[PDB]
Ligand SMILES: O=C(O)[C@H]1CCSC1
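Shown next as C-alpha cells: one chain only, the form deposited without the named molecule.
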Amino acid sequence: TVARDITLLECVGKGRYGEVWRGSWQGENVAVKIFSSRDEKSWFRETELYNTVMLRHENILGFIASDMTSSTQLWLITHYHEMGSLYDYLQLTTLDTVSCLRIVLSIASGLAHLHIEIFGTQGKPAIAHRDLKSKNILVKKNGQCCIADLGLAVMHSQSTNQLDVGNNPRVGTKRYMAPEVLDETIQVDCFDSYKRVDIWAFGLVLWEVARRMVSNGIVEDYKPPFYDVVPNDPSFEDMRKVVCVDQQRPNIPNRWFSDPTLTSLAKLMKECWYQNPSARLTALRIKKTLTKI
C-alpha cells in the first residue's frame, strides 16, 4: 500500500470532515486527508472520481492514491500545496492585477473542466462540485489555483441522460449555499441546477479574491462572504434570512469601479448572484471573459 510507506509529519487542517496532513512518501511531500468514518461516502465519491473517471487537470487537485482498512482508516493521498488554501493565502497576501486574474482564471478553468462533458475513451461526464469555497481551493507554487474536495460531486452523461447524484447525507457549506438551496426550491432532478449552485459559490469566491487586489493604493482586509450579517459557523436559518428573505448580496466597494479589472470582476460577480438560477453565467462564459481582460 502507499499508506504503509507514508510518514505523517504535521497536521495542516483539522475539522468535522477529518484531518489533512503533510506527509512524506518516497522522498516527496504528499497530502493525506484522513476521513472520519462518519464521512466515508465522501471518501468513496472522491476515490471513484479520481480512480474511475480519471479526473485530471492542472486546476484540479492531483490524485496520487486512496487507501482504506477495516476500527476504520480512510485515506486520500494527493499532491501537497505548501501555500495552503486560497482562504489561508488571502489572509496574509494582497494581490496585483496579474496575480488576481491568474487566480480567478485558474478557478474558472478548473470549474469549466468539471462542468463540460468530454466524449471518447479518454473523456469524462459533466461534473458539478457542490461545495465550492475558498477553503476547498489550493494555491499552487506557480500562482494558479486548483479545486479540491469532490466528496459531494454529481455527474451527468448525455448518452444515457443519467443524473448520478450518489448517496451522501453531507450537505454543502452553509455560508456558500445558493438561494434555491436555502429555500428548498432547487430542482434536484435537473443536472443544470447543480452547475448553477457552483456558479453562485464561484461568485462569492470572486468577491473574496477581488477584495485583496490593490488598486490606487487601497485594498480591503480579508473577510468571508456575508461577514457583516451572519455569525461564524452560521445556521441554515441565518443564511436563508440574509440571502432569500432580505435578498442581500456581498457589498461591492465603490473604489472598484475606478479600476478596469475590479470593474469587470464586479460585473461577473453580480451575474453569478441572480436569484433566478437560469440567469446566471456559465463557467465557460466566465472563463472567456477573464481570458479577454
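Sequential numbering from 1, following the sequence displayed. Only residues modelled in both forms are compared. Definition used throughout: the rigid core is the maximal C-alpha set that superposes within 1.5 Å between two forms.
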Original post:
Among the other entries that model both neighbours of residue 209, does it go unmodelled in a third or more?
Top reply: no
Original post:
Among the other compared PDB entries, is residue 143 dropped in a third or more?
Top reply: no
Subject >> residue 70 to residue 71: deposited residues without atomic coordinates >> reply: 1 to 3
Original post:
As stated in the PDB record, which stretch has the larger average Cα B-factor, 118-126 or 178-186?
Top reply: 118-126
**OP:** Can you let me know which of the two, 36-44 or 58-66, has the higher average C-alpha B-factor in the entry?
**Re:** 36-44
**OP:** Compare the CA B factors listed in the entry for 161, 173, 106, 85 and report the winner.
**Re:** 161
Original post:
residue 220's Cα B-factor: lowest, middle or highest third of the chain?
Top reply: highest
Original post:
Within this chain, which third does the Cα B-factor at residue 21 fall in: lowest, middle or highest?
Top reply: lowest
**OP:** Looking at the entry's B-factor column for C-alpha atoms only, identify whether residue 78 ranks in the lowest, middle or highest third of its chain.
**Re:** lowest
Subject >> For residue 165, the third of its chain into which the C-alpha B factor falls >> reply: highest
Original post:
Considering only modelled residues of the same chain, in which third does the CA B-factor of residue 96 rank: lowest, middle or highest?
Top reply: highest
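FYI, the form solved in complex with the named molecule isn't displayed, but the following is about it.
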Original post:
Counting only heavy atoms and a 4.5 Å cut-off, does the named molecule in the bound PDB entry sit next to every one of 219, 255 and 261?
Top reply: no
Subject >> Option from 219-227, 197-205, 106-114, 178-186 whose residues, in the bound PDB entry, bring a heavy atom within 4.5 Å of the named molecule >> reply: 106-114
Original post:
Within a 4.5 Å heavy atom cut-off, is residue 118 in contact with the named molecule in the bound PDB entry?
Top reply: yes
Original post:
Is there any non-hydrogen atom of residue 41 lying within 4.5 Å of the named molecule in the bound PDB entry?
Top reply: yes
Original post:
Is residue 267 close enough to touch the named molecule in the bound PDB entry, meaning at least one heavy atom pair within 4.5 Å?
Top reply: no
Original post:
Would residue 241 count as a contact of the named molecule in the bound PDB entry, using a 4.5 angstroms cut-off between non-hydrogen atoms?
Top reply: no
Subject >> Flagged residue of 52, 235, 26, 251 - C-alpha shift reaching 2 Å or more between the shown form and the other one, core superposed >> reply: 52
**OP:** Give me the stretches of at least three consecutive residues whose Cα atoms move by 2 Å or more between the shown form and the other one once the core is superposed.
**Re:** 1-4, 48-52, 167-170
